[PDB]
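Shown next, in structure tokens, is the structure this report addresses.
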Amino acid sequence: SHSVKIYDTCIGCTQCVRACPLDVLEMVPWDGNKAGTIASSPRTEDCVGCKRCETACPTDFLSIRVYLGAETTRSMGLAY
Amino acid sequence: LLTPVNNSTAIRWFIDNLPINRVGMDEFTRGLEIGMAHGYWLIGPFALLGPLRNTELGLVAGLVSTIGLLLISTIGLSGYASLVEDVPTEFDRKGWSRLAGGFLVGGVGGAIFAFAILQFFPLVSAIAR
Amino acid sequence: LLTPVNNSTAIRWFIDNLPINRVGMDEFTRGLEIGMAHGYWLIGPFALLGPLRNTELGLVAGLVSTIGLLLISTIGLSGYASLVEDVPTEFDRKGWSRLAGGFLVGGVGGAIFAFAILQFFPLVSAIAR
Amino acid sequence: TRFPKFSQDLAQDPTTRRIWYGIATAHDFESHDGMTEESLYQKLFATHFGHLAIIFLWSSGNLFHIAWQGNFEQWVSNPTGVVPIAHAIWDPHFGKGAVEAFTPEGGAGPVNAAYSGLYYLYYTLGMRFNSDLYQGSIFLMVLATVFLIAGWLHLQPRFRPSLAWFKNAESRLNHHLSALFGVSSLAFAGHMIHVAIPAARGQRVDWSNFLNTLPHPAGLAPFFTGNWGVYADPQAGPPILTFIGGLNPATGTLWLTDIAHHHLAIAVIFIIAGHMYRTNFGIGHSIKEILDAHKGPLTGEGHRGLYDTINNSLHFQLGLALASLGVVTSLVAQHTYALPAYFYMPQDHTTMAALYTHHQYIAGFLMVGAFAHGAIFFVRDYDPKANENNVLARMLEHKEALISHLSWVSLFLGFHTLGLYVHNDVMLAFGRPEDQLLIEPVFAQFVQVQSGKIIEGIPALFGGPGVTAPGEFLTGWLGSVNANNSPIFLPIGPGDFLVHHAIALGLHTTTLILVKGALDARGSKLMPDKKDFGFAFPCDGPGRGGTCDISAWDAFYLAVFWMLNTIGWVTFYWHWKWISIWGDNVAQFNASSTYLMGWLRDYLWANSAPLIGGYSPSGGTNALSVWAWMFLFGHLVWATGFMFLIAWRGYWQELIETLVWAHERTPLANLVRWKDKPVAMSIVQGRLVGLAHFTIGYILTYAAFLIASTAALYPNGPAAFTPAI
Amino acid sequence: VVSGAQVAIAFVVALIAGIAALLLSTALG
Amino acid sequence: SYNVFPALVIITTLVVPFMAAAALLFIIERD
Amino acid sequence: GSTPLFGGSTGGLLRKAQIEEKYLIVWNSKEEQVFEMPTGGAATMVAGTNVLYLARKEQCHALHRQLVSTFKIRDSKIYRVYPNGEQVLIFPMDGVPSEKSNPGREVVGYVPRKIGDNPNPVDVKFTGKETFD
Ligand code: CLA
Ligand code: CLA
Ligand SMILES: CC1=C(/C=C/C(C)=C/C=C/C(C)=C/C=C/C=C(C)/C=C/C=C(C)/C=C/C2=C(C)CCCC2(C)C)C(C)(C)CCC1
Ligand SMILES: CC1=C(/C=C/C(C)=C/C=C/C(C)=C/C=C/C=C(C)/C=C/C=C(C)/C=C/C2=C(C)CCCC2(C)C)C(C)(C)CCC1
Ligand SMILES: CC1=C(/C=C/C(C)=C/C=C/C(C)=C/C=C/C=C(C)/C=C/C=C(C)/C=C/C2=C(C)CCCC2(C)C)C(C)(C)CCC1
Ligand SMILES: CC(C)=CCC/C(C)=C/CC/C(C)=C/CC/C(C)=C/CC1=C(C)C(=O)c2ccccc2C1=O
Ligand code: SF4
Ligand code: SF4
């Protein structure tokens with residue numbers, strides 16, 4: 001399973017959560033930004049590693065990072 | 001998707017009664033019939049198109065060629081049989097293993113039988129002469 | 001007592017994957033591989049050192065000799081198989097019995113295959129002439 | 001799925017990627033599960049014993065096959081009239097036309113000619129009988145067994161050396177310099193003086209008589225009393241140690257007594273050198289002390305910290321070792337043709353071409369690998385804190401200046417060198433060959449003149465080698481540099497100018513790709529956290545503009561193409577200049593090498609004719625049919641590489657899913673099921689497999705062309721010369 | 001020449017290198 | 001003086017590669 | 001208790017000890033000391049309770065004889081171990097040694113006559129009855 005880490009530069013724009021085609025991500029409440037929220041990655045066992053979340057992230061250098069790890073049936077995207 | 005190729009009745013009866021699918025068979029006898037079928041016809045390309053096809057030992061060379069092809073095929077099948085672990089009776093590990101043994105015995109035997117027919121087919125008309 | 005002969009790893013892997021010990025095999029296919037191995041090399045001493053070794057039918061005499069040796073060996077093994085009663089799967093009575101059947105089929109077949117190679121090995125270089 | 005046992009990440013992969021990546025990561029011992037530093041060095045030491053043993057088994061196999069199947073004794077009796085034999089052929093696919101094409105005249109059966117030069121090596125060392133070769137083969141197999149036992153023994157828990165033993169740099173340097181270099185070279189000087197020089201004199205010295213055979217009649221009495229000139233004096237018996245210099249005009253090769261004196265002189269230098277560093281006897285240098293003192297005002301901290309940087313990074317050590325090996329391997333190639341050591345080897349033109357090309361391609365791979373492990377060092381082992389402000393961290397600090405100037409030099413060379421070739425090609429096309437840009441290589445002719453080449457308009461600056469090397473070698477050196485049929489400092493002209501700048505383009509461009517990959521290995525503007533992803537990873541996805549081939553591994557992959565291209569230019573140039581010499585066609589080389597059609601027509605097109613006629617419907621087959629077939633095989637493999645390099649993964653993965661559908665729906669075949677799910681090869685694997693087919697196809701094509709063109713059109717030559725005074 | 005005895009000797013030396021390689025390769029794994 | 005053992009070619013280039021491939025199949029597919 | 005310190009030998013248990021019966025001998029030791037195994041070789045008994053698996057009852061009784069004669073260890077107990085796992089104490093049966101007479105034992109094998117008054121074999125012809133009855 002890939003590791004999806006969220007760093008403290010997150011502005012809570014939720015764009016990575018909307019970008020994700022696997023519902024890996026969600027917003028939890030936070031105090032570190034004005035939005036009061038931060039992305040979280042509770043369901044990374046469904047993460048395929050497509051990095052659409054990283055594409056959507058607007059912060060210079062990104063607040064969300066996908067590290068491609070061990071491959072599973074889910075993470076390889078296999079229908080068989 | 002349900003197609004006429006997927007759904008014909010005497011096509012379904014034929015496939016269901018091929019020795020790999022036929023009810024009541026042991027996996028050895030399944031492999032034996034399969035090998036005998038394949039080894040029989042497989043000598044044809046080896047004997048007629050092989051490098052010694054125009055010499056008098058062309059049939060013998062095609063026979064030993066076919067046995068070589070069946071032995072290497074059996075290595076894959078017997079190795080497959082040792083590693084499957086999956087399903088009950090015919091796809092048992094011992095089940096596939098008995099099929100591999102029967103396939104090789106039938107395969108070599110089918111080639112030898114086809115060799116004997118090709119080597120001694122003049123005898124079927126020998127009564128008249 | 002635990003010795004280096006008793007304990008080497010790729011010696012243990014080799015013995016564990018000989019057909020008498022290899023996981024996933026049926027006892028017939030076990031016997032088939034064992035017979036094919038033994039019948040193959042056994043024709044060598046019979047064909048080269050037998051009484052007809054210097055005549056043109058020395059290989060045929062060695063082939064029928066090897067089949068005789070395997071048939072008598074099978075009588076001991078099949079008789080052993082009928083009388084064991086002891087243990088489950090491979091040392092089952094039917095288990096040893098299927099091994100005895102496979103041994104004889106493979107043994108005679110290994111001798112015939114080794115006969116064909118010794119009788120027709122000039123064919124492997126026949127393309128050049 | 002327990003394979004691979006060293007990686008539980010890979011072992012739990014249910015796809016076919018588990019098999020490929022287990023193979024590809026099997027020798028990456030640092031990244032394995034449960035690896036410690038101490039167990040890593042212990043595993044390497046024993047693995048190195050296994051690699052050593054393979055080298056000796058390879059050499060024993062060559063010795064056995066030449067002894068058992070070759071014609072060494074028949075070749076020793078007639079070195080000009082006998083083609084050396086590598087090994088016999090037994091191929092049951094051969095028809096009658098192939099058996100007789102490979103069967104030499106009067107011969108018993110089909111054989112391969114040998115182009116490794118092993119006969120010339122064995123003969124020059126003094127071997128004269130098949131029993132010499134067979135006892136070499138047995139001895140190297142026993143030597144291989146000893147190293148295999150040693151590797152096994154040093155894995156036993158009583159003999160596994162500690163981590164401090166492996167990191168004792170000073171003791172390893174003292175022993176490797178004094179014994180592994182020095183004593184080994186001293187021993188070789190012993191072989192030359194006791195065995196090889198008497199064999200050249202016609203006196204058989206072997207194990208049965210070498211204890212009672214004086215190599216010099218005054219034996220060892222001039223050595224200890226300091227009267228050493230007796231070993232060089234022709235009136236005190238045949239000399240064993242000389243400094244004649246140059247090449248032997250009867251053979252075209254180095255003087256054997258010069259070779260013996262060379263290895264004796266450098267043995268003393270290496271034995272002395274291996275007394276430099278401080279082991280357990282109080283005296284000697286600390287390497288950490290030498291490095292820490294060398295700190296100047298412009299380079300910051302200087303070399304401080306570099307001891308612990310090098311001694312704790314195997315990738316740094318390997319990168320240094322590969323770079324030095326690669327320089328030395330090129331030097332072997334350049335000096336083997338220019339100063340040949342082996343009897344009858346310069347007369348074997350195919351062997352000289354094969355040996356130059358072999359060692360330059362090896363040198364090219366070693367150079368690329370040195371920069372690869374330099375890049376791996378920066379991602380895996382480089383600690384910026386322990387290397388704070390030293391010369392290493394200062395390279396990374398001005399890395400945009402390094403890359404942009406390397407980019408400038410390669411564009412500066414590439415624009416004008418290509419522009420000059422194209423200018424000359426247009427001139428030739430329009431019938432104006434006197435309007436070519438033909439630049440005289442006067443700076444290199446200046447170098448030749450300083451070594452005593454007589455070239456009319458070029459001055460000897462310091463006064464010539466009479467002033468600058470007034471040694472005993474000077475008469476034999478000057479007689480060999482100015483002689484015809486002498487390979488020392490070949491005549492060069494404008495065609496030599498243009499290809500040397502093309503070579504310099506290939507050297508700077510390949511370096512640029514490798515250095516940028518090594519210096520952007522840790523991060524760039526497009527990927528500032530690249531070191532967190534490692535050496536080899538596919539990309540960072542299509543975001544930020546797209547990031548394909550961003551890893552340091554991908555810069556290795558790109559530079560292999562440029563290395564293959566550069567060594568291609570180098571070996572094309574060596575081959576065409578030498579076949580123009582061997583074929584008495586130097587004026588054609590000087591005329592047609594200044595424009596690129598001349599390279600296409602007069603080098604590639606003309607010398608392909610015996611190769612592609614190696615088999616034909618009109619004339620059957622000949623001995624070149626195997627090279628003709630390999631030449632086509634190499635084109636096929638190279639072109640197959642293009643499929644992997646161009647058609648990337650997502651095409652193939654969607655194709656495989658339809659095949660997976662087809663298998664599961666096909667009767668009698670869907671009963672058979674895979675244990676590992678078929679997937680397309682990974683993005684990195686597609687690049688590696690495509691590079692592998694490209695590279696193998698590159699090498700096999702050129703080797704088939706180089707050997708068959710030389711062995712058919714220019715196989716043999718005199719190599720004797722008349723010295724010049 | 002390399003007689004038949006010397007070929008047989010060479011295979012015995014090769015067999016001993018083979019078991020030595022077998023010892024090393026299992027100690028390495 | 002054409003010294004070959006053809007049976008050694010058959011064994012080392014045909015038989016034991018197919019058996020090494022079978023052995024390697026057991027190594028990479030077991031468990 | 002634990003096994004005595006012994007590096008193993010080829011003179012110990014065979015497949016009979018897996019399928020038919022093996023034997024267990026239990027003794028207490030006050031001092032760690034070296035004794036000869038009945039299988040062959042030297043072992044060391046621990047300072048505690050010692051348990052040792054042997055192939056025959058005679059091997060167990062031979063060790064008990066060694067433990068008495070050499071080390072003055074008296075309290076040895078021998079068990080017959082069945083392959084299902086059942087232990088049956090066989091030595092000593094009633095806690096009192098066999099050589100000392102004990103009220104409570106039944107006389108077994110007693111023939112109430114001197115040996116020369118046994119009947120003739122012709123007297124017991126065509127029966128399974130023996131002349132030692
Ligand atoms: C006769 C035909 C000819 C042609 C068609 C070219 C064509 C080219 N030259 Mg070349 N060149 C020539 C003759 C020619 N040159 C001669 C006779 C010389 C010797 C002086 C050079 C020396 C030369 C240099 C040093 C460079 C070129 C470069 C170039 C390329 C871009 C030039 C440009 O004007 O970009 C438009 C101009 C710019 C983008 C900026 C101005 C660049 C100038 C050259 C820098 C001036 C600074 C300083 C005074 C001189 C350089 C410093 C130092 C290297 C000496 C272009 C392909 C450039 C190149 O190869 O880039 C890799 C380059 O740097 N040429
Ligand atoms: C023949 C094929 C070819 C050619 C000409 C090039 C050329 C170049 N490569 Mg490339 N390369 C190639 C194949 C080739 N490559 C392949 C197969 C790979 C593996 C993928 C690479 C991988 C690679 C890497 C990794 C790098 C290069 C770099 C370079 C540049 C090197 C510097 C130089 O020589 O400047 C001179 C420029 C040339 C020789 C290019 C041709 C210029 C033309 C002839 C001028 C056109 C004028 C014309 C009138 C305009 C067209 C108008 C028309 C439409 C009407 C140069 C642009 C390097 C770089 O970018 O350096 C800064 C670099 O790092 N290459
Ligand atoms: C036309 C048609 C068809 C057909 C087709 C085909 C394709 C067929 C084929 C066929 C075949 C393909 C056949 C074969 C046969 C075979 C045989 C007949 C065999 C025999 C064998 C034998 C007899 C053997 C024996 C042996 C030996 C010798 C030794 C060992 C043992 C054994 C016993 C094994 C169908 C029906 C579908 C339908 C209709 C039409
Ligand atoms: C060197 C070496 C080795 C080896 C050894 C040996 C001892 C071997 C042997 C081998 C052998 C010994 C082989 C054999 C083979 C066989 C075969 C190849 C067979 C075949 C057969 C067949 C094919 C048959 C068939 C048949 C018939 C004919 C009829 C009936 C049925 C059947 C099917 C049975 C090892 C590996 C250990 C290790 C390393 C080294
Ligand atoms: C990236 C990296 C790396 C790599 C590097 C490399 C790969 C390098 C290379 C480099 C090189 C590849 C270099 C070379 C150079 C050489 C030289 C420096 C030479 C010089 C010489 C000379 C100067 C000589 C002189 C002379 C002459 C010419 C003649 C006369 C005589 C005489 C001797 C005087 C490492 C691993 C560290 C780590 C970090 C990263
Ligand atoms: C090693 C072993 C156990 C073998 C057992 C015995 C077996 C089954 C041998 C069979 C080997 C083969 C030939 C496997 C097919 C390879 C394959 C999936 C190719 C499609 C493919 C192509 C053409 C590309 O260009 C490409 C480029 C970039 C990324 C991915 C790809 C890619 O995926
Ligand atoms: S890599 Fe793809 S699947 Fe994984 S969290 Fe990001 S968008 Fe979702
Ligand atoms: S990680 Fe990036 S895209 Fe996701 S909420 Fe934070 S700022 Fe927005």
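Following the order of the structure tokens, chains are lettered A, B, ..., residues in each are numbered from 1, and ligands are numbered from 1.
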
(Q) Taking only C-alpha atoms and all ligand atoms into account, which residues have an atom no farther than 8 Å from ligand 4? I'd like them as a list in words. (A)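 Selection of residues at most 8 Å from ligand 4: residues 67, 68, 71, 101, 104, 105, 106, 107, 108 and 109 of chain B; 32, 33, 35, 36, 37, 38, 39, 40, 41, 105, 106, 107, 108, 109, 110, 111, 112, 113 and 114 of chain C.
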
Go ahead and write the residues just picked, N, CA, C and O atoms, as an mmCIF file, in the first residue's frame.
```
data_model
loop_
_atom_site.group_PDB
_atom_site.id
_atom_site.type_symbol
_atom_site.label_atom_id
_atom_site.label_comp_id
_atom_site.auth_asym_id
_atom_site.auth_seq_id
_atom_site.Cartn_x
_atom_site.Cartn_y
_atom_site.Cartn_z
ATOM 1 N N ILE B 67 8.093 -37.358 -28.702
ATOM 2 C CA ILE B 67 8.340 -37.749 -27.314
ATOM 3 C C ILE B 67 9.086 -36.649 -26.570
ATOM 4 O O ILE B 67 8.773 -36.340 -25.414
ATOM 5 N N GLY B 68 10.042 -36.007 -27.242
ATOM 6 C CA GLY B 68 10.718 -34.864 -26.653
ATOM 7 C C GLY B 68 9.783 -33.704 -26.378
ATOM 8 O O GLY B 68 9.885 -33.052 -25.342
ATOM 9 N N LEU B 71 7.540 -34.674 -23.387
ATOM 10 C CA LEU B 71 8.261 -34.715 -22.120
ATOM 11 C C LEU B 71 8.453 -33.317 -21.551
ATOM 12 O O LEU B 71 8.292 -33.109 -20.347
ATOM 13 N N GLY B 101 0.743 -37.362 -15.314
ATOM 14 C CA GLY B 101 1.272 -38.691 -15.553
ATOM 15 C C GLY B 101 0.561 -39.397 -16.690
ATOM 16 O O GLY B 101 1.201 -39.964 -17.571
ATOM 17 N N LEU B 104 1.516 -37.892 -20.243
ATOM 18 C CA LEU B 104 2.797 -38.312 -20.790
ATOM 19 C C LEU B 104 2.736 -39.751 -21.292
ATOM 20 O O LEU B 104 3.232 -40.049 -22.380
ATOM 21 N N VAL B 105 2.111 -40.646 -20.517
ATOM 22 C CA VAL B 105 1.976 -42.045 -20.929
ATOM 23 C C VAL B 105 1.147 -42.146 -22.203
ATOM 24 O O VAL B 105 1.527 -42.824 -23.161
ATOM 25 N N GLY B 106 0.024 -41.431 -22.240
ATOM 26 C CA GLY B 106 -0.807 -41.427 -23.426
ATOM 27 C C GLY B 106 -0.157 -40.715 -24.592
ATOM 28 O O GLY B 106 -0.256 -41.170 -25.731
ATOM 29 N N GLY B 107 0.538 -39.607 -24.311
ATOM 30 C CA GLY B 107 1.188 -38.838 -25.362
ATOM 31 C C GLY B 107 2.253 -39.622 -26.094
ATOM 32 O O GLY B 107 2.264 -39.671 -27.324
ATOM 33 N N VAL B 108 3.171 -40.228 -25.342
ATOM 34 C CA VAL B 108 4.199 -41.067 -25.946
ATOM 35 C C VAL B 108 3.560 -42.261 -26.633
ATOM 36 O O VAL B 108 3.912 -42.610 -27.765
ATOM 37 N N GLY B 109 2.554 -42.847 -25.992
ATOM 38 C CA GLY B 109 1.859 -43.966 -26.589
ATOM 39 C C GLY B 109 1.108 -43.612 -27.856
ATOM 40 O O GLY B 109 1.098 -44.387 -28.811
ATOM 41 N N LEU C 32 6.131 -42.779 -11.697
ATOM 42 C CA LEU C 32 6.435 -42.564 -13.107
ATOM 43 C C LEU C 32 7.777 -41.866 -13.295
ATOM 44 O O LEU C 32 8.599 -42.308 -14.094
ATOM 45 N N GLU C 33 8.030 -40.803 -12.527
ATOM 46 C CA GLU C 33 9.294 -40.086 -12.650
ATOM 47 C C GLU C 33 10.461 -40.926 -12.145
ATOM 48 O O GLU C 33 11.544 -40.902 -12.732
ATOM 49 N N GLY C 35 10.624 -44.281 -12.072
ATOM 50 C CA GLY C 35 10.863 -45.340 -13.038
ATOM 51 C C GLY C 35 11.578 -44.845 -14.275
ATOM 52 O O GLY C 35 12.552 -45.451 -14.715
ATOM 53 N N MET C 36 11.132 -43.704 -14.812
ATOM 54 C CA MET C 36 11.754 -43.116 -15.996
ATOM 55 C C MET C 36 13.219 -42.791 -15.761
ATOM 56 O O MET C 36 14.044 -42.973 -16.654
ATOM 57 N N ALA C 37 13.557 -42.338 -14.555
ATOM 58 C CA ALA C 37 14.948 -42.077 -14.225
ATOM 59 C C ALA C 37 15.753 -43.368 -14.195
ATOM 60 O O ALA C 37 16.808 -43.467 -14.827
ATOM 61 N N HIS C 38 15.241 -44.381 -13.499
ATOM 62 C CA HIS C 38 16.013 -45.595 -13.273
ATOM 63 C C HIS C 38 16.106 -46.441 -14.530
ATOM 64 O O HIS C 38 17.191 -46.902 -14.883
ATOM 65 N N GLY C 39 14.983 -46.621 -15.234
ATOM 66 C CA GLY C 39 14.981 -47.401 -16.459
ATOM 67 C C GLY C 39 15.875 -46.827 -17.539
ATOM 68 O O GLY C 39 16.472 -47.577 -18.304
ATOM 69 N N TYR C 40 16.022 -45.498 -17.564
ATOM 70 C CA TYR C 40 16.904 -44.829 -18.517
ATOM 71 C C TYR C 40 18.356 -45.251 -18.324
ATOM 72 O O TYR C 40 18.993 -45.750 -19.252
ATOM 73 N N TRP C 41 18.894 -45.068 -17.120
ATOM 74 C CA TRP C 41 20.298 -45.401 -16.926
ATOM 75 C C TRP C 41 20.543 -46.899 -16.828
ATOM 76 O O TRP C 41 21.659 -47.335 -17.098
ATOM 77 N N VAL C 105 5.654 -48.573 -15.381
ATOM 78 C CA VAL C 105 5.364 -47.869 -16.633
ATOM 79 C C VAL C 105 6.505 -46.924 -16.986
ATOM 80 O O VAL C 105 6.992 -46.904 -18.120
ATOM 81 N N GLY C 106 6.973 -46.161 -15.999
ATOM 82 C CA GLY C 106 8.086 -45.264 -16.229
ATOM 83 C C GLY C 106 9.389 -45.998 -16.459
ATOM 84 O O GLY C 106 10.182 -45.602 -17.314
ATOM 85 N N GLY C 107 9.607 -47.089 -15.718
ATOM 86 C CA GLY C 107 10.837 -47.857 -15.850
ATOM 87 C C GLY C 107 11.015 -48.453 -17.228
ATOM 88 O O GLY C 107 12.068 -48.301 -17.846
ATOM 89 N N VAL C 108 9.989 -49.150 -17.715
ATOM 90 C CA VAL C 108 10.033 -49.706 -19.062
ATOM 91 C C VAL C 108 10.126 -48.585 -20.083
ATOM 92 O O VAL C 108 10.921 -48.645 -21.026
ATOM 93 N N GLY C 109 9.373 -47.513 -19.859
ATOM 94 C CA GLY C 109 9.427 -46.380 -20.757
ATOM 95 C C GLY C 109 10.770 -45.681 -20.777
ATOM 96 O O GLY C 109 11.241 -45.266 -21.836
ATOM 97 N N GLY C 110 11.403 -45.548 -19.609
ATOM 98 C CA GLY C 110 12.738 -44.976 -19.554
ATOM 99 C C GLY C 110 13.765 -45.827 -20.273
ATOM 100 O O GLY C 110 14.659 -45.302 -20.934
ATOM 101 N N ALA C 111 13.622 -47.151 -20.191
ATOM 102 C CA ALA C 111 14.523 -48.051 -20.906
ATOM 103 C C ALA C 111 14.304 -47.984 -22.413
ATOM 104 O O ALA C 111 15.270 -47.992 -23.177
ATOM 105 N N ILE C 112 13.043 -47.922 -22.853
ATOM 106 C CA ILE C 112 12.726 -47.814 -24.278
ATOM 107 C C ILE C 112 13.226 -46.487 -24.837
ATOM 108 O O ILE C 112 13.765 -46.424 -25.946
ATOM 109 N N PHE C 113 13.057 -45.410 -24.069
ATOM 110 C CA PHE C 113 13.532 -44.102 -24.500
ATOM 111 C C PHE C 113 15.048 -44.075 -24.588
ATOM 112 O O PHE C 113 15.607 -43.574 -25.565
ATOM 113 N N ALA C 114 15.720 -44.646 -23.592
ATOM 114 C CA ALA C 114 17.169 -44.765 -23.633
ATOM 115 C C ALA C 114 17.621 -45.702 -24.741
ATOM 116 O O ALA C 114 18.686 -45.490 -25.321
#
```

(Q) Taking only C-alpha atoms and all ligand atoms into account, which residues have an atom no farther than 12 Å from ligand 7? I'd like them as a ChimeraX atom specification. (A) /A:1-6,14-26,39-57,63-69,74-77 /D:540-543

Can you write out the residues you just picked, keeping C-alpha atoms, as a short mmCIF file (atom, residue, chain, number, x, y, z; two decimals), in the first residue's frame?
```
data_model
loop_
_atom_site.label_atom_id
_atom_site.label_comp_id
_atom_site.auth_asym_id
_atom_site.auth_seq_id
_atom_site.Cartn_x
_atom_site.Cartn_y
_atom_site.Cartn_z
CA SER A 1 0.00 0.00 0.00
CA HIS A 2 1.18 3.51 -0.80
CA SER A 3 1.82 6.02 1.96
CA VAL A 4 -0.11 9.28 1.63
CA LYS A 5 1.27 11.89 4.01
CA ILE A 6 -0.14 15.35 4.74
CA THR A 14 -10.08 20.30 0.08
CA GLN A 15 -8.95 20.08 -3.58
CA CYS A 16 -6.99 16.86 -3.02
CA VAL A 17 -10.06 15.24 -1.43
CA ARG A 18 -12.22 16.15 -4.43
CA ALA A 19 -9.52 15.01 -6.86
CA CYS A 20 -9.14 11.51 -5.41
CA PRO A 21 -10.94 8.81 -7.44
CA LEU A 22 -10.73 6.25 -4.62
CA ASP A 23 -12.03 8.24 -1.58
CA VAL A 24 -8.71 7.82 0.21
CA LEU A 25 -8.86 11.33 1.60
CA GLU A 26 -11.09 13.39 3.88
CA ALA A 39 -6.62 16.70 4.65
CA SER A 40 -6.24 13.23 6.15
CA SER A 41 -5.56 9.85 4.54
CA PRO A 42 -7.41 7.16 6.54
CA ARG A 43 -8.04 4.76 3.65
CA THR A 44 -4.65 4.44 1.93
CA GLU A 45 -5.20 0.69 1.46
CA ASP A 46 -7.47 1.80 -1.39
CA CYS A 47 -4.88 4.27 -2.77
CA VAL A 48 -3.82 3.37 -6.28
CA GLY A 49 -1.00 5.92 -6.40
CA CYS A 50 -2.43 7.98 -9.26
CA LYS A 51 -1.20 11.27 -7.68
CA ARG A 52 -4.31 13.20 -8.75
CA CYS A 53 -4.30 14.57 -5.19
CA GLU A 54 -0.77 15.95 -5.63
CA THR A 55 -1.82 17.52 -8.94
CA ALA A 56 -4.67 19.34 -7.20
CA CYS A 57 -2.58 20.66 -4.30
CA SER A 63 1.16 19.66 1.38
CA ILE A 64 0.20 16.12 0.32
CA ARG A 65 2.72 13.50 -0.78
CA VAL A 66 2.19 10.01 -2.17
CA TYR A 67 5.03 7.56 -1.63
CA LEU A 68 4.61 4.49 -3.83
CA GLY A 69 5.11 1.45 -1.63
CA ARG A 74 -6.09 -2.87 -4.88
CA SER A 75 -3.11 -0.57 -5.40
CA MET A 76 -2.25 -2.09 -8.78
CA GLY A 77 -5.83 -1.34 -9.88
CA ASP D 540 6.25 11.99 -9.86
CA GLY D 541 3.16 11.90 -12.07
CA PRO D 542 1.71 14.23 -14.69
CA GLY D 543 1.36 17.20 -12.34
#
```

**Q.** chain B contacts to chain D at 12 Å (only C-alpha atoms) as a PyMOL selection string
**A.** chain B and resi 1-2+5-6+11-12+14-22+34+50-52+76-77+80-87+90-92+96

(Q) Show me which residues are within 8 Å of ligand 5 counting only C-alpha atoms and all ligand atoms, and format the list as a PyMOL selection string. (A) chain D and resi 315-320+322-324+326-327+367-375+377-378+392+514-515+518-519

Q. Residues at most 12 Å from residue G:15, counting only C-alpha atoms, excluding those fewer than 6 positions away in the same chain, as a ChimeraX atom specification?
A. /G:21-22,55,83

(Q) I need the helix (DSSP H, G or I) residues of chain A per DSSP on the backbone, written as a PyMOL selection string. (A) chain A and resi 15-19+44-46+52-56

Mind listing the residues within 7 Å of ligand 1, only C-alpha atoms and all ligand atoms counted, as a compact mmCIF listing (two decimals) with N, CA, C and O atoms, in the first residue's frame?
```txt
# COMPACT_ATOMS: atom_id res chain seq x y z
N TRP D 408 26.88 24.28 -21.97
CA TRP D 408 27.44 25.20 -22.96
C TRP D 408 28.50 24.52 -23.82
O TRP D 408 28.47 24.67 -25.04
N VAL D 409 29.44 23.79 -23.20
CA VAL D 409 30.54 23.15 -23.94
C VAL D 409 30.00 22.13 -24.94
O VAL D 409 30.47 22.06 -26.08
N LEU D 411 26.99 22.07 -26.35
CA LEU D 411 26.35 22.78 -27.46
C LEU D 411 27.38 23.48 -28.33
O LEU D 411 27.24 23.51 -29.55
N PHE D 412 28.43 24.04 -27.71
CA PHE D 412 29.51 24.71 -28.44
C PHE D 412 30.24 23.73 -29.35
O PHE D 412 30.51 24.04 -30.51
N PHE D 415 27.35 22.19 -32.15
CA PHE D 415 26.94 23.08 -33.24
C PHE D 415 28.03 23.18 -34.31
O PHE D 415 27.75 23.05 -35.50
N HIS D 416 29.27 23.37 -33.89
CA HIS D 416 30.33 23.65 -34.85
C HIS D 416 30.89 22.38 -35.49
O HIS D 416 31.23 22.40 -36.67
```
